[PDB]
Structures are given as C-alpha cells and as structure tokens.
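From first to last, the protein sequence lines are chains B and A. Per the authors' numbering: the first sequence = residues -3 to 273, 287 to 626. Per the authors' numbering: the second sequence = residues 0 to 271, 287 to 626. Using N, Cα and C, we set each Cβ at its ideal position, and we do this for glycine too.
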Amino acid sequence: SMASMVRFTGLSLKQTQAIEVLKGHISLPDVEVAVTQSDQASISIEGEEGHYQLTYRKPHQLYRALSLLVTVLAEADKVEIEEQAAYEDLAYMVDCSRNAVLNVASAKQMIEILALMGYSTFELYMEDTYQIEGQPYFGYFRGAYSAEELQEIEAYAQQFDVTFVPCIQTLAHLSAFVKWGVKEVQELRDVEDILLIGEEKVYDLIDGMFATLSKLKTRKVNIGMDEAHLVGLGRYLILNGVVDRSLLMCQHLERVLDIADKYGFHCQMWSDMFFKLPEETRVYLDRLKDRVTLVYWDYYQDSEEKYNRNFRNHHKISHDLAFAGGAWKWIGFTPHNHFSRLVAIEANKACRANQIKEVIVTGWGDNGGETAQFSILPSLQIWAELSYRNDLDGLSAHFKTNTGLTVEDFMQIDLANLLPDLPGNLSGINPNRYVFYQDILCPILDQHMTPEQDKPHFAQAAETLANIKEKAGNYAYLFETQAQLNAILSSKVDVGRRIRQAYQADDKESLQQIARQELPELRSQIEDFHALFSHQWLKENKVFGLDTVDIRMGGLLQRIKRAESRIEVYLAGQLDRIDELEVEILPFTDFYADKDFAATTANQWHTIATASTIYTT
Amino acid sequence: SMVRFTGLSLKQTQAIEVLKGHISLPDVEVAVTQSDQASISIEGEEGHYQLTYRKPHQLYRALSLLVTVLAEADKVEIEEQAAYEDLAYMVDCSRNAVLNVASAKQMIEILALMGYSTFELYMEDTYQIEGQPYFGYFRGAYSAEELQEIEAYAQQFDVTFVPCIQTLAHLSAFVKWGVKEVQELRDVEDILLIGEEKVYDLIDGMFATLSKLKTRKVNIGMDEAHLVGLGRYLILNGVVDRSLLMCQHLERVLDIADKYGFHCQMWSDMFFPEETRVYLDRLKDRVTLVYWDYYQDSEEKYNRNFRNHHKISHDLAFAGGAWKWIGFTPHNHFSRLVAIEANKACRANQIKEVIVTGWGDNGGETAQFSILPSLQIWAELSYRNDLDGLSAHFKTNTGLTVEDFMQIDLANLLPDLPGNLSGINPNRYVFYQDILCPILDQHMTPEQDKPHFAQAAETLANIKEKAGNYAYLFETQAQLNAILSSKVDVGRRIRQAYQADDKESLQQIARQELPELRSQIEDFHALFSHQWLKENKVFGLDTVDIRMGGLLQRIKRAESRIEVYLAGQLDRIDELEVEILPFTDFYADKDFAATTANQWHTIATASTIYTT
Ligand SMILES: CC(=O)N[C@H]1/C(=N/OC(=O)Nc2ccccc2)O[C@H](CO)[C@@H](O)[C@@H]1O
Ligand SMILES: CC(=O)N[C@H]1/C(=N/OC(=O)Nc2ccccc2)O[C@H](CO)[C@@H](O)[C@@H]1O
Ligand SMILES: [Mg+2]
Ligand SMILES: [Mg+2]
C-alpha cells in the first residue's frame, strides 16, 4: 500500500497502464528504469545505484523483465541479466470443457500472472463451451462463453501483448453437445462423441464454429482432431460401408481447412492422424500436413531420449511442429506439480535439442474439473524458467515475487497425492480422489490403501497446509481446501477397513463408536469441504458445472448415512449379517500391480463410487 | 380352510398348503385328476367338485378359479384350453435389483396361481462363475446354491426354471474391471472378443455354473450389439464379414451348450453372401429364436414381424412386456393394451411359447411386485382369450381388485396422454430433475399435472390401507405422487418469482418449500429402501442412495443460491438466466407436453458426469 516511486522512461501509455495493473502483484522499488525494445536478447537488464537499462525483444517480455528486476534488486544493487528464450512461443491452455469454465475475472488474473512469468500466449480449450449462432444446444447450461466474453478475454490479454488461441474440436470429443435428443443434433452424429464425416449439416456446424471465432482478432486456432478410434465405425459405417479410415480423416480435415481458410485462420492440430506417415492416401496426408502446425503432445515421459525419438520421427514429416506438455491438474481435487516438474525438465531438453519453436503447456480437467484452476502456478513458472534460462536456479525467487509464496511452499498443494512410498516418476497416482469418493460399506479401493503410512501422511499434510494458508494471501483458498481434504483422507483412508475388522471380531462397541461418532463427524467434515470447494469453484469458474460436484458429494454423504443405518440395524439384532461386509475386496485395478506400493490410478468418479451400474441402461 | 381333496400326490398336497397363504379354499370336497381333455376343467355342484388338469402346474390356477367361482355360485362349469404350451415370466436381475430368494419364492407361488409354467431370471453378470472373482463382484450375484434353491422351490409347483444370460454383449458391469483377466476379454463397449479362447473359457464357466441346475433350457442372449467386430476385434483382425463373425461365435457357444446338454433359446436379432446364408441356416436349426416386442398397438404390426420370422424358422417364441423399466412406477395400463393385441397375433401365428419380460432399465428402481396385474392379464389371455375373469381371479390371488392394484401406475398416467405411446415416464424425470436448472421444464403442464399427482397420492393412500402384504408398494407410490405434485413446477415458480422480483415468494421457496421438499424426499428414500430390501438383495441400492443424495444436495444448492441472492451478495442467479429448451423432440408433433427420458444422468444435469 506504500505507492511505488519507480520511474520509467521509454514506455508507451499501454505499457504504463499494464504496469499499473501488475503493481497489484509485484512491488517495484524506488529506482529509475530506461526501457527500450531491442533485438539483442529476449530480456536484458543492466545497471547499478538505482539506475537501470532494460530491454526486451517482444513486447510481452517487458513483464517478465519487471519480475526479474524486482527479484534481483532484493539481493543486490548491480544487475547483469541477459535471457535468450528457447521458444518463440510459450502458451498455457486452460480446460474449459470438463465442467469448469474459467470465469472472466479469473481469466484476467491468469493473464496477469502469465505475463509476469514470460508466456506469450493464453489458450482456452472449448469443446462445446462457446456459443454458435443458430445452434442453441451447443453449450446449453454449460456456461458457454459468448462472443463478447471471448472478445473481452482476448482484449485483456492484448493489454499485455499476449495473444489468444482458442482450442476447439472439429470432429470428436463433443460428448456434452451430441447427447441432446433433438433431430438437429442427432443428425450430426457418427457414434459416441464423434460427428458424422461427409454430412453437410456437420460442415454447416463447423462453419458456425469459425463464424463465432472470426469475431476475435486472433487468426490462430487449434482444431483438435486428437485420437478417435470409432471414426467411420458408427452411423457412418451403416450409411456408407467400410472405408479407408485415414482417407476418411483426410476428407474431413480438408473440409475443415477450407472453412478455416475462408475465415482467415491458420490451424494447429494434434499430430495423431499423421503417425502413419496406401500410396494415394499417403500423398493425401502429405498434402494436408503442409497446411497445419502439428502438435506432438506428451505429458508422461521421464527422459529426454523418449521425447527425442518422437521429435526425430515427427521431423521426418514436418518442420511445422509444436510440443504440448502438461501441468498436471486433471486427477481429481489435487494437482501434481511435482510430477510436472520432473517431466518438464526432460521435455525442455528434448525441445531444445530438436529446435522446437513453440511449447504449449496443457491444463486439462478430466472428469469434472475438480482441481483448482490456480493450483498449477508452480508448473507454469517451471516452464517459463526453462524457456528463458534453461535452469531452475531462479524458480523460487521469481515465483515468490509473482505470487507471495516460495515455490516450495506452493508445491505443498500436491500433498494429498504425495504418498511416501511412491516413486516420483509415475503419473496419475491419485489417492486425493479415490480415497475421497470411495464407498464406506463397499470400499472397492481398500487394497490400495496403506494406513500405517497414509494416515499420518494426510494428517501432517493438513497441518502443513494450514500453516501455508496463513501466509498465502490471495491464494489462501487453495490451501484451505487442500488442508480440509487431507484432514478427511486421514480418517477415511481406513474407516471401511476398520468397520470390517470390528465386524469380523464381533467388536460391537467399536462398530457403535464408528456409526454414532466417527461417521457423523466425517459427514460434517465433508460438508465443510464441500463449502470450501464451492468457494474455490465460484471464485475461479462460472457456476455451471458445480452441479456435478454437488450430485457426487451428496451421493457420498448419503452413502455414509447408509453405513451408519446398516450398522445400527445390525447392532439392534434386526440383521444376522451385514452382507456388504461379507464380500472380500479384490484389487480395483492391476495397472500398478508390478510395483512395491499399494496406491494406484482411478480417475472416473462413477467407478470409484460404486460397482453397480449408474449410467448404463 | 378345512377343504378336502382326493387324488393328490404328497407333492401336490404340500404345494396346496403353501398356497393357502394366498387364497382361501372354502369347505368343499374336490376330486382331482390329470386328464388330457382340457388345460383345466372343473365341474360339480352343492359342495362336491371334480377338478382336472392337463399339466401338473395347472392344478394351482385351477384352484384359484375354484375359489373365485364358488364365491358367487354353487354350480361350476369351467373348461379352459390354454393357447400357449409355455408361459413364462422373466425377472431382470442385472439392472442393480437382484430378486432375493424369499421374494423369488413369493413370485413363484403367485405365478403358480396365475397359470405360468416357467420362471426366468435375467442375469448378465449376476451369477457366480468359479475362477472369475470379478464376474458379479459386489453385484449380489447368485451362488449356485441360491439358483438351485430357487429352481428347487419352483419345482415344488411343477414350474420350470430358465436362466437368461449373455454370451456376447450386455456385460457392462463385468467388463469395466481394469484387470488383465477381464480386459483381455473385450472387443469394445459391453462386447466380448469373439475368437479369443479366454472368452470361450468364460462361456464354459457360465455353462459349468448353470449345469448345476436341473434345467437344460437357457436363453443365451445375443440381442443387438451394434459394434461387434469393430473394437479390439478390428484392431487385431481387420475387416471381417460381421454376420459370419456372429456365426463363428454362436457355433462356439452352441457347442459349449451341447457339451453340457443345454437347448438354447436366443433373441432373434442376428437373423434380422452365400457362405454366410449357409452358415446361418445350419445354426438356425439348432436354437429357438425369440421375437421380442413390447411396443406395438395392433395385431397387424406383430403379424408382419411373425410372417418375417416365419420366413427363417418356425422354432419361434414371443417375448412381450410387463412395463416396469421406466423409473419408479410401472405401466400396467400400457402393458394391458399391448398384451391384448400381441395375444391375437400370437394365436393367429400358432406361437407356442410366450415369455413376459420384466426389465428394470437404468437401476432397477420399480418394485418387483408392481406388475402383478400385467402378469395376470397374460395368464387370462392364454387360458381364456379374454379378461372377463381378470379382476376376480386377481383379487382371489392378491386380495385387491385389479383396478385398485393398477392405480400403482398413476404417476405415469397424465390425463392428456393417448393410451398407446410407450415410455412416457414423468414419475422419474419430474423426480430427478434439478431445481435451478430444470431441463425438462417444457414438458411439464402444471394446470393438469399438479392436481393429477396430488389426487393420486390420496387414492394410493386409500388403496394402501386395503392392500395387506402389498401395502408397501402403494405407500411408496403415494409419497412419490405427493412429491411430484409440488416439484413438477417448483423450478418454474422460482424462475417466475425471480423474473418478477417477487422476493417474498423466493424467500418462501428457499426457507419453507424446499426444505419440506427435502424432508419428503428423505421419507420417500426410506420407503423406497424398505421396498427395495423387502424384494431385492442389498447390492445395487447404493446407486439409488447416490442419485437421491445428489438430488437432495442440489435442492440445498437451490436454497443457498437463492439465500446469497436475497442477501445482496449476487446481482444475478445465472442458472435462472438460461432459457429452457425442449429436452427431446421424440414426442414433439403430439398434443401433450410429456416425454420419455429414462437415463438418470441426463435427467439430473446438462454437465458431464461419467465422461472424461
Ligand atoms: C491431446 C490430449 O491430451 N487429449 C486427451 C488426452 N489424451 O491422453 C491420453 O490418451 N493419454 C494416454 C493414452 C494411452 C496411454 C497413455 C497415455 O489426455 C488429456 C489428459 O488426460 C485429456 O484431457 C485430453 O482430452
Ligand atoms: C431383448 C431386449 O429386450 N433387449 C433390450 C431392449 N431393447 O429394446 C429396444 O431396443 N427397443 C427399441 C429400440 C429401437 C427402437 C424402438 C425400440 O429393451 C429392454 C427394455 O428397454 C432392455 O431392458 C433390454 O436390455
Ligand atoms: Mg439401512
Ligand atoms: Mg395345456
């Protein structure tokens, strides 16, 4: 609240205003800074004794430069900074399709942080969550962005010289749209989440998609096309018979590119359909690859060489390549910044070795968008540092300048996933989620729990996170949510197992303590978690989509009530056996069976919560 | 009773003692014998009667008839000639609701009284297979000992047992389990991988379990599975002819069945190039085909399909429907309408076996005993070719008139529906619809609907009081109709008060109406749970707890959003600014607003909930 007495020369009014916004995040000292554009480096800062010369190559690089300047002057008077960014473009892609649609205010906040970190580009992943005129079911009750909302977000990014790229889908992954049982929708379908290739009303829809996006200033779009096994194999196969499936994809892509051409767009797409690179089809693939940027996506590999093989294979067919890495926030309620760091380190090496020009960091939200949108800030800074510096020596300090938290403290956000016997190089291991949604009477994940280890882990995490929350400022909400989650998981990780132990030993006093004390308290804790979670959601996202979490959490609460009622019936002598408890628990999955830890990966709510049917007919 | 019989076996005498729990045999003397002269005949006067049956089970329908007639007359002249060699009821035990052993016995007793020869259970993954621990896991799958006990109890009444299973698709609850010993068995979706020996090893285990029974008749399934050959099959083997593929699979399954001595029935779909016609003609002669149809409102429409089937084969059975798969509330009325026309067509085509199906689509939420009227209707149509005796025999067997029992249907019986369109199910979608985002609101007609539901709740509460051991069925429905009377338009009422800035009315909804709604749904959940645990194993009720908990939490959200708005902490309730579109156009050109919506997950939310 003490106003900065910083003094700049060389700025545009655009830049002075941007800086005034960013004073809300960083603290500029009373120094004098001469600013100019120069080709010499991405960023350069020289000087001493309160007088500095700052240059940037691209305008948006001014903002990372200010973060670097703030940071270095806390340690020293004299500055000698020169960064050469490895990537011409560095982007962050938020998932707005998995129920969580980032609200406009939060998009602006994200854009400010991206600018401070060094990102050139902001992207939103929208399957059905943007409005198309004359398609009233596309996005219905999903909080689809209006054209105007998209223009406002894009315009706000432009205030920081950050570009906007919408990421859409032009063939498959349109499940929330295609479910609507009206002729105007069903006539567009092939099978599952896949649109019907060759159908003119499908190309009319796709023309409408580009109509909406042409209202923006950007002329860069990611059109999707990521793997779909059943393309050609549904209503298409009925209407048309067996076709060469790569030829079918080429036909469809050509139509999409012609539409995009009409509205002035250049298209990026996932590289999947070109992995095959029948001669005529080879030639057709080869011709279409020259009109797109291919995106090689990979969130998983633990060594540079594994990426290098794929880069080398991709470069045998196209130089117009981007790499998509991952900020892991798609595995329930809790991110995995730690894993993301591990793979970014190796991915960056390979990107550099292959002279890759563009990196997109993806922020997927699989299966309900339950992880906080701002949970992955450390992963974002990690990629910015690797691009601009090729090392992580400045990560913590820069991150603290930008956020108020050390990177180490922020990364404790991951804790509900960080069970102690896991090796750090395995992905998707997500007890945050499956421990939370598992049933009480029928704990189908119970073989994956290790209470001697897990209970104190979750209990200590709750305390750690509570301490970090006190010093997190405007990010405290993230840690408050996580602290309550960990508190819950500490008892819930084995309540199902302890019920079964008591029941088998005929320990009726313990059964009674569980049904009358522990379980009602667990409910009360989950209710408090629902409230913290809801606060988090509504801060970050539109209201739409929160409904699914209400349904899931309501159902869990009702199942805890059933455990209580079933145990009471039995304690009353009204039942000879509690049948649920006579079923022996098998492994939920063998995916990590080979390994010397019990945890696993389980990331579909509907199979975590019940072995019964719930969506099938 | 003190009724006195001559000519009975000890097996018969024991059976009749059990059935005295359901019917009141008056003090009269009855000579019994088997005779080929009629399915049932009963003659006599003034306290002495002669009863004959053709097939041993028909003794028990005969006794129901005798009880009924003697109530309005001394002298009896009955002769029935049943149209069907076999008349079966197939209970769905795969949709989460597994009929418990005690209820299977009660059902068997009723079916015996009605005149059914056969009892069937539809079991996708809900029987135990040695060495296949995930098949049925946490589903309440029947042990071989349970299935033996059920079959053995039916045999006491000379009722036969026919397992209905799946040997290719519709195994979704099994194939979900992410372990190698299950995923190696899959093609795609709910479909097993044809050609894979480990799949034939499973199928053998299926028949190994079922061979523990006395019966050697089985329905092996094979009802349409659109994507067979198109998943891992296509990836492993490329494009193959898909009908020839079905042939290779069907032969393996029949050879397996032969190993164990079974004669197979199957749904007829796969029968609607020369190497393929040859293959089909040879398999078709090995199996009985079942033409299933639950929908047509005229004899002609059935006859057209019977003529089509008769082009392929004459070893044909018909499967009709007792409508209990459309949520919480059955549709005995529609079932009656279609059974009249289907029975005309069956007779007109010399069809010998009729199977009445009791499916429980999308969670098994309709009571197992909700469709007794549909069952009696088909029995009456086989044995008499009319419904003159329906009500009085139904009252003898259950203690209720058929008209009183058929009030169970009321939450579906909106007044402007024609009688002849199926699947119209407001009982379910009015219940599970959201409050803030009422996506089915265009289908609601509150001027008509509110008083319909409100009146139904009163009618059902009166029937409950005279329903004896079936009272639970009517109590459940009374509570449901009570809820629906207010919930049918609560979402629309919120939107009207919001548009009008009627804050008094929003505050009343939030603080009195919605919490009372929650209370009533809690009460319905308790009645439902009593009903469920009476009829079914406990497994599968969890899905209902999840669905109902979720609805209650969403009602709490309606309350909290309105309270935040009322406190000035919000400028707009965004949910309420969305305009409601029709949910589906399936019935749009018609003269009613109701529709069909029978998937919980799309009733309750427009958001994603099972997809990644
Ligand atoms: C391009 C992309 O990432 N597509 C999907 C996507 N696809 O990922 C995989 O299919 N990963 C994978 C598949 C097989 C084996 C190992 C990893 O991953 C994201 C995170 O789960 C999903 O949100 C995206 O929808
Ligand atoms: C043999 C059978 O009845 N198969 C399914 C079944 N199939 O029915 C239809 O597919 N009906 C239908 C399909 C297309 C058009 C009109 C009716 O109906 C039952 C009740 O809904 C389901 O429970 C069964 O799993
Ligand atoms: Mg209970
Ligand atoms: Mg006969």
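Going by the beta-carbon positions, is the gap between residue i and residue j smaller than 9 Å?
i: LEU520 (chain B); j: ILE449 (chain B); result: no
i: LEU428 (chain B); j: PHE538 (chain B); result: no
i: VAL370 (chain A); j: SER436 (chain A); result: no
i: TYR512 (chain A); j: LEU590 (chain A); result: yes
i: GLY114 (chain A); j: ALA82 (chain A); result: no
i: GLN491 (chain B); j: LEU424 (chain B); result: yes
i: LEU474 (chain A); j: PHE488 (chain A); result: yes
i: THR117 (chain B); j: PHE160 (chain B); result: yes
i: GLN382 (chain A); j: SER543 (chain A); result: no
i: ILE594 (chain B); j: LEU528 (chain B); result: no
i: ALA96 (chain A); j: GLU379 (chain A); result: yes
Could you have a look at residue i and say whether DSSP puts it in helix, strand or coil?
i: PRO387 (chain B); result: helix
i: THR5 (chain A); result: strand
i: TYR305 (chain B); result: strand
i: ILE41 (chain A); result: strand
i: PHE600 (chain B); result: coil
i: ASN322 (chain A); result: helix
i: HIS347 (chain A); result: helix
i: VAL217 (chain A); result: strand
i: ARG185 (chain B); result: strand
i: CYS360 (chain A); result: helix
i: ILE22 (chain B); result: coil
i: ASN550 (chain A); result: strand
i: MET122 (chain B); result: coil
i: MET106 (chain B); result: helix
i: residue 274 (chain B); result: Regarding the residue in question, residue 274 (chain B) is not represented: chain B runs 273 and then 287, omitting everything in between.
i: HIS56 (chain A); result: coil
i: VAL578 (chain A); result: helix
Provide the residue span of the alpha helix (DSSP H) that contains residue i, from first to last.
i: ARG398 (chain A); result: It is not in any alpha helix (DSSP H) - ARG398 (chain A) carries neither H nor E in the DSSP assignment.
i: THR459 (chain A); result: Element bounds for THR459 (chain A): n/a, residue is neither H nor E.
i: residue 630 (chain A); result: Because chain A is modelled from 0 through 626, residue 630 (chain A) falls outside the range shown and cannot be assessed.
i: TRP614 (chain B); result: 614 to 618
i: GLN247 (chain A); result: 241 to 259
For the beta strand (DSSP E) containing residue i, list its first residue and its last residue.
i: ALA82 (chain A); result: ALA82 (chain A) -> no beta strand (DSSP E), and no H or E assigned at all.
i: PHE160 (chain A); result: 159 to 163
i: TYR48 (chain A); result: 47 to 52
Looking at C-beta atoms only, is the number of pairs between the region 7 to 14 of chain B and the region 145 to 159 of chain B that lie closer than 8 Å three or more? yes
Anything in the region 76 to 101 of chain B with a Cβ closer than 7 Å to a Cβ of chain A? List those residues in chain order, please. Cβ contacts with chain A: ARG94, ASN95.
Using 8 Å as the Cβ pair cut-off and three pairs as the minimum, do the region 135 to 149 of chain B and the region 542 to 557 of chain B touch? With a cut-off of 8 Å, the region 542 to 557 of chain B and the region 135 to 149 of chain B count as touching, because enough Cβ pairs lie within range.
Counting only Cβ-Cβ distances shorter than 7 Å, please list the residues of the region 573 to 594 of chain B near chain A, keeping chain order. Residues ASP588, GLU589, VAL592.
Could you tell me whether the region 211 to 221 of chain B touches the region 214 to 224 of chain A, where touching means 3 or more Cβ pairs closer than 8 Å? Too few Cβ pairs lie closer than 8 Å, so no.
Of all the residues that make up the region 560 to 574 of chain B, which are near chain A by a beta-carbon distance shorter than 8 Å? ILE560, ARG561, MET562, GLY563, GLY564, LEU565, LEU566, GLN567, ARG568, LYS570, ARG571
Taking any Cβ of chain B, which residues in the region 163 to 197 of chain A have a Cβ under 7 Å from it, in chain order? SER171, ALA172, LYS175, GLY177, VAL178, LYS179
Across the region 339 to 353 of chain B and the region 52 to 67 of chain B, are there enough close Cβ pairs to call them in contact, namely three or more that are closer than 8 Å? no
Would you call the region 383 to 397 of chain A and the region 349 to 364 of chain A in contact, with 3 or more CB pairs under 8 Å? yes
Can we say the region 304 to 324 of chain B touches the region 257 to 273 of chain B, given the rule of at least three CB pairs closer than 8 Å? yes
When you compare the region 16 to 28 of chain B with the region 66 to 73 of chain B, are there three or more beta-carbon pairs, one atom per stretch, that lie closer than 8 Å? yes
Meets three-Cβ-pair contact criterion under 8 Å: the region 404 to 416 of chain A and the region 31 to 45 of chain A: No, the region 404 to 416 of chain A is not in contact with the region 31 to 45 of chain A.
Against chain B, which members of the region 354 to 376 of chain A pass a CB distance test of less than 7 Å? Residues passing the 7 Å Cβ filter: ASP375, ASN376.
Below 8 Å, how does it come out for the region 197 to 210 of chain B and the region 610 to 625 of chain A: are there three or more Cβ pairs, yes or no? no
Please confirm if the region 115 to 123 of chain A is in contact with the region 562 to 581 of chain A, defined as three or more CB-CB distances below 8 Å between the two stretches. Fewer than three pairs of CB atoms, one per stretch, sit closer than 8 Å, so the region 115 to 123 of chain A makes no contact with the region 562 to 581 of chain A.
Could you name the residues of the region 541 to 553 of chain B whose beta carbon sits closer than 8 Å to any beta carbon of chain A, in the order they occur along the chain? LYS551, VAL552, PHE553
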